Each structure stands twice: as structure tokens, then as C-alpha cells.
Amino acid sequence: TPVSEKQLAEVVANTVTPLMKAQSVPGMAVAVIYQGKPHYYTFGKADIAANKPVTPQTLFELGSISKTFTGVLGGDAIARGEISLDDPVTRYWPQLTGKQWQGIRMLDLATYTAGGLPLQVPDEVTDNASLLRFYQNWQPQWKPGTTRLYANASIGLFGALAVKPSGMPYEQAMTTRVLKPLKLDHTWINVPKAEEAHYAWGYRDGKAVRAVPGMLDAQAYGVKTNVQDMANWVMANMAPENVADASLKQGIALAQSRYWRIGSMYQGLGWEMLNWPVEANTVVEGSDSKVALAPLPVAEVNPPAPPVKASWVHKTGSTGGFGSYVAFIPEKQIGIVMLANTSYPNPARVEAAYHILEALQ
């Protein structure tokens, strides 16, 4: 169904406007990838009190969508020959001597199958000495490679260890190996003073808020970006054949590979996938925290299945004051980015995105 630019504009507006009013969303930046190019639509305010509108230059906090960058950076390191997903975690952290770590691979850290690592690294951890103490003391509730339990303590460590062989700190490795080659020049972990004027304000219970530190925060949920950079990020991931950097294109393919199957979903590195075609209720009913935070049994995909073009590839992300979502279908070469300055229900994000993409397929 060939939709015109005019009809596309109407499809987006008619879906986004009622959503924002029902969910009390202050502002939203949307990007739709259709017929080889990005289409931008901006709504509302970035700063309500100052009355600043949302523009394609407005910066939003990505939340867990930051994990897709971690997965690709890790994939790039594997493609360079620096690390292997089959290597034990201890190969990259010798001081981690606890015997409970035997059998736990880099793959397990990256895909939340280490055996029960908790959602977050505790507040007590304020340095590297205490970080080690935490992982050394941890006792697995399940055997490695049997149970998926979404955790920042898991993927966060994967990201920190994956960049060790390069000799660069995580931020520097991400900039040099992923951001720069893709020309994502307005994507930050640390927003410079010159860019603070573009930084949107997040809202929670009417209160204006913005992200604060941690330890493995950059690896798990510390990325800030505008809708233009995000659209290009989605384009590189849905069409890696067009990226020149050889290790990066392979890294993108590795992040979308299928390592485990959990019911109707498949776990990649950062990215999560479902076979296309898929109905909305399957995708929507899967985005509920009750199911998203639960420890679920996994089915090993061995060897890992390469990227399947007929897939619904996506990732949700939130912070105290922001709610974002990204979804794309490679077979159709269509995708969408929805960045907002309020954390509204994930099922609502999925429903809206599915509605828009359904009109383009």
C-alpha cells in the first residue's frame, strides 16, 4: 500500500495527538522510516514553563534503548577478534575468583542468562573495589544458560568488559567505534555545555526532572540523543549492508542475531525480536512489566541464528522523566522512533507504533 507523504503525515498526527492527551505527554518527537528516508514530526513542549517547543534538535533520555548501542559496540569488538561470546567472564576480569562464575560466558552476561544477577547494582557500590565485592559475593539462583532475568547488573558488566581489550574507556570506545563512523554527532552520554539548550526537561507527577551517577549506567541506560540521530541509528540497524565499516556492519548483524527463544520472543544483544507477521496483542501483552521483569526459561539457539529479515525488532526505554520506543521490520524496510518527555505505559507505546507501521506495510 503506497502511502503518500500527505497521508503519512495524517496517519502519525491522528495517532499521536489522542495518545498524548490521554497519557498527559508534554512533548514528543517522531521519526518514520519509509521508502528509504526519514520523515520527522514534532509535537508539544520540551520545556513547559519556558514554553519551548519540541524540534528535531531536542535531546531526550533513552533509558534502556541505550542497551542497543552496547550490544552493537560489543558486536563490533567480536568482529574485530577482541572478544568471544563463548569466552568465560573471568577471561576479562582475572580478580573475579569465585567458583560460582565457572561456566558463565560473556554471552550470558549480554543476554541476561547468567543465573539470576539482580536488576540493579546496589547503591553500596561506589568504586571498583566494591563492584568486585558485589560480584564475588553473588550466589546464582539458577544454572547458567537456563533462565532469563532482565538485569542491568548483567548487560552493564558485559559492556564494561567488552571494551577492555581495546584499552579505551566505554564512552571513548562508543564514540570512536560506533557514533563517529555513523555520523551520530548529537548523541551523548555526557551532554556538553554548548548543547544543554537543546536538552528537554523530563516530567514526573508534574515535576520537571532529569537524569543524575552510578557505575555501569552508561552501558545500561545513559544515552541522550535527538530524533535525527535516532532515525539514522534505526536506518543503520535495518540496512547494515549500507555501512562501510566492516567490523561495525558485522557487529550490527550480531546484535540482531537470535541467541535464545523465550516463548514468542528472541533475545539478541540489546535488541529483542519477534517473527513477522505478529499480532499487536502478542507484542503489547509481552511489554507488561509483570512479564518483562519475570525469570523465564530459555531455549538455546545453537549456533545463534543470523538476523531474520521477517522480524519485528524493537526496544523500550524509560527514565524518571522520559518514555521512548523504537521498532522496525527489515523485510519491509519501515521503522519508527517515538521519543517523549514523560514515562507513559509501554503497552500504549507499542499500540501506537504498531498502528502507524501497520498502515505502511
# chains A, B, ... in the order shown; residues from 1 in each chain; ligands from 1
call {"tool": "residues_around", "arguments": {"residues": "residue 136 of chain A", "least_positions_apart": "2", "cutoff": "12 Å", "atoms": "only C-alpha atoms", "output": "list in words"}}
result
residues 90, 93, 94, 95, 96, 97, 98, 99, 100, 101, 117, 129, 130, 131, 132, 133, 134, 138, 139 and 140 of chain A
call {"tool": "residues_around", "arguments": {"residues": "residue 229 of chain A", "least_positions_apart": "4", "cutoff": "7 Å", "atoms": "only C-alpha atoms", "output": "ChimeraX atom specification"}}
result
/A:184,186-187,225,233
call {"tool": "closest_atom_pairs", "arguments": {"of": "segment 197-278 of chain A", "to": "segment 46-54 of chain A", "cutoff": "12 Å", "atoms": "only C-alpha atoms", "output": "JSON lines"}}
result
{"residue": "A:197", "atom": "CA", "partner": "A:52", "partner_atom": "CA", "distance": 10.1}
{"residue": "A:198", "atom": "CA", "partner": "A:46", "partner_atom": "CA", "distance": 8.7}
{"residue": "A:199", "atom": "CA", "partner": "A:46", "partner_atom": "CA", "distance": 8.0}
{"residue": "A:200", "atom": "CA", "partner": "A:46", "partner_atom": "CA", "distance": 4.8}
{"residue": "A:201", "atom": "CA", "partner": "A:47", "partner_atom": "CA", "distance": 5.6}
{"residue": "A:202", "atom": "CA", "partner": "A:46", "partner_atom": "CA", "distance": 8.1}
{"residue": "A:203", "atom": "CA", "partner": "A:47", "partner_atom": "CA", "distance": 9.3}
{"residue": "A:206", "atom": "CA", "partner": "A:48", "partner_atom": "CA", "distance": 10.2}
{"residue": "A:207", "atom": "CA", "partner": "A:48", "partner_atom": "CA", "distance": 10.7}
{"residue": "A:208", "atom": "CA", "partner": "A:47", "partner_atom": "CA", "distance": 8.5}
{"residue": "A:209", "atom": "CA", "partner": "A:47", "partner_atom": "CA", "distance": 10.7}
{"residue": "A:210", "atom": "CA", "partner": "A:47", "partner_atom": "CA", "distance": 11.8}
{"residue": "A:226", "atom": "CA", "partner": "A:54", "partner_atom": "CA", "distance": 10.2}
{"residue": "A:227", "atom": "CA", "partner": "A:54", "partner_atom": "CA", "distance": 10.2}
call {"tool": "write_last_selection", "arguments": {"atoms": "N, CA and C atoms", "output": "short mmCIF file (atom, residue, chain, number, x, y, z; two decimals), in the first residue's frame"}}
result
data_model
loop_
_atom_site.label_atom_id
_atom_site.label_comp_id
_atom_site.auth_asym_id
_atom_site.auth_seq_id
_atom_site.Cartn_x
_atom_site.Cartn_y
_atom_site.Cartn_z
N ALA A 197 21.17 23.67 25.91
CA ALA A 197 19.99 24.43 25.50
C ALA A 197 18.98 23.58 24.72
N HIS A 198 19.44 22.45 24.19
CA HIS A 198 18.59 21.53 23.43
C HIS A 198 17.99 20.45 24.33
N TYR A 199 18.60 20.24 25.49
CA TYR A 199 18.17 19.22 26.44
C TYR A 199 16.76 19.48 26.95
N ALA A 200 15.86 18.56 26.63
CA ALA A 200 14.48 18.67 27.08
C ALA A 200 14.42 18.42 28.59
N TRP A 201 13.29 18.80 29.18
CA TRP A 201 13.07 18.56 30.59
C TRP A 201 12.11 17.38 30.67
N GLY A 202 12.39 16.45 31.59
CA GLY A 202 11.51 15.31 31.78
C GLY A 202 10.48 15.70 32.83
N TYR A 203 9.33 15.03 32.83
CA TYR A 203 8.27 15.34 33.79
C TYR A 203 7.74 14.11 34.49
N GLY A 206 4.09 15.93 37.40
CA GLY A 206 4.10 17.38 37.25
C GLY A 206 5.42 18.05 37.56
N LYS A 207 6.37 17.29 38.09
CA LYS A 207 7.69 17.78 38.44
C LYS A 207 8.68 17.66 37.28
N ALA A 208 9.42 18.73 37.01
CA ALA A 208 10.43 18.72 35.95
C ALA A 208 11.66 17.98 36.49
N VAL A 209 12.08 16.93 35.78
CA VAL A 209 13.23 16.14 36.20
C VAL A 209 14.21 15.77 35.07
N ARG A 210 15.42 15.42 35.47
CA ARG A 210 16.46 15.00 34.54
C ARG A 210 17.38 13.98 35.23
N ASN A 226 18.90 13.12 19.85
CA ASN A 226 17.77 13.78 19.23
C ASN A 226 17.13 12.81 18.24
N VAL A 227 15.98 13.19 17.68
CA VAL A 227 15.24 12.32 16.77
C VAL A 227 15.94 12.06 15.42
#
call {"tool": "select_by_dssp", "arguments": {"residues": "segment 6-137 of chain A", "states": "alpha helix (DSSP H)", "output": "number ranges by chain"}}
result
A: 6-22, 66-80, 106-110, 128-137
call {"tool": "closest_atom_pairs", "arguments": {"of": "segment 26-121 of chain A", "to": "segment 292-316 of chain A", "cutoff": "10 Å", "atoms": "only C-alpha atoms", "output": "CSV"}}
result
residue,atom,partner,partner_atom,distance
A:62,CA,A:316,CA,8.7
A:63,CA,A:316,CA,8.0
A:64,CA,A:316,CA,6.5
A:65,CA,A:315,CA,5.9
A:66,CA,A:315,CA,9.4
A:67,CA,A:315,CA,8.8
A:68,CA,A:315,CA,7.9
A:112,CA,A:295,CA,9.7
A:113,CA,A:298,CA,8.4
A:115,CA,A:295,CA,9.5
A:116,CA,A:295,CA,8.0
A:119,CA,A:293,CA,8.5
call {"tool": "select_by_dssp", "arguments": {"residues": "segment 108-260 of chain A", "states": "strand (DSSP E or B)", "output": "PyMOL selection string"}}
result
chain A and resi 147-148+187-188+199+202-204+207-209+224-225+258-260
call {"tool": "residues_around", "arguments": {"residues": "residue 249 of chain A", "least_positions_apart": "6", "cutoff": "8 Å", "atoms": "only C-alpha atoms", "output": "ChimeraX atom specification"}}
result
/A:76,240-241,243
call {"tool": "write_last_selection", "arguments": {"atoms": "N, CA, C and O atoms", "output": "compact mmCIF listing (two decimals), in the first residue's frame"}}
result
# COMPACT_ATOMS: atom_id res chain seq x y z
N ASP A 76 30.84 -5.30 17.58
CA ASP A 76 31.98 -4.75 16.83
C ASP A 76 33.30 -5.32 17.38
O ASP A 76 34.20 -5.67 16.61
N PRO A 240 22.23 -2.68 7.41
CA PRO A 240 23.67 -2.69 7.65
C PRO A 240 24.53 -2.89 6.42
O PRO A 240 25.73 -2.60 6.44
N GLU A 241 23.92 -3.35 5.33
CA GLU A 241 24.63 -3.55 4.07
C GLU A 241 25.17 -2.21 3.56
O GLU A 241 26.15 -2.16 2.81
N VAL A 243 26.45 0.26 5.56
CA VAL A 243 27.52 0.83 6.38
C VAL A 243 28.87 0.26 5.88
O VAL A 243 29.00 -0.95 5.69
call {"tool": "closest_atom_pairs", "arguments": {"of": "segment 14-73 of chain A", "to": "segment 192-196 of chain A", "cutoff": "12 Å", "atoms": "only C-alpha atoms", "output": "Markdown table"}}
result
| residue | atom | partner | partner_atom | distance |
| --- | --- | --- | --- | --- |
| A:57 | CA | A:195 | CA | 9.9 |
| A:58 | CA | A:195 | CA | 9.7 |
| A:59 | CA | A:196 | CA | 8.8 |
| A:60 | CA | A:196 | CA | 11.4 |
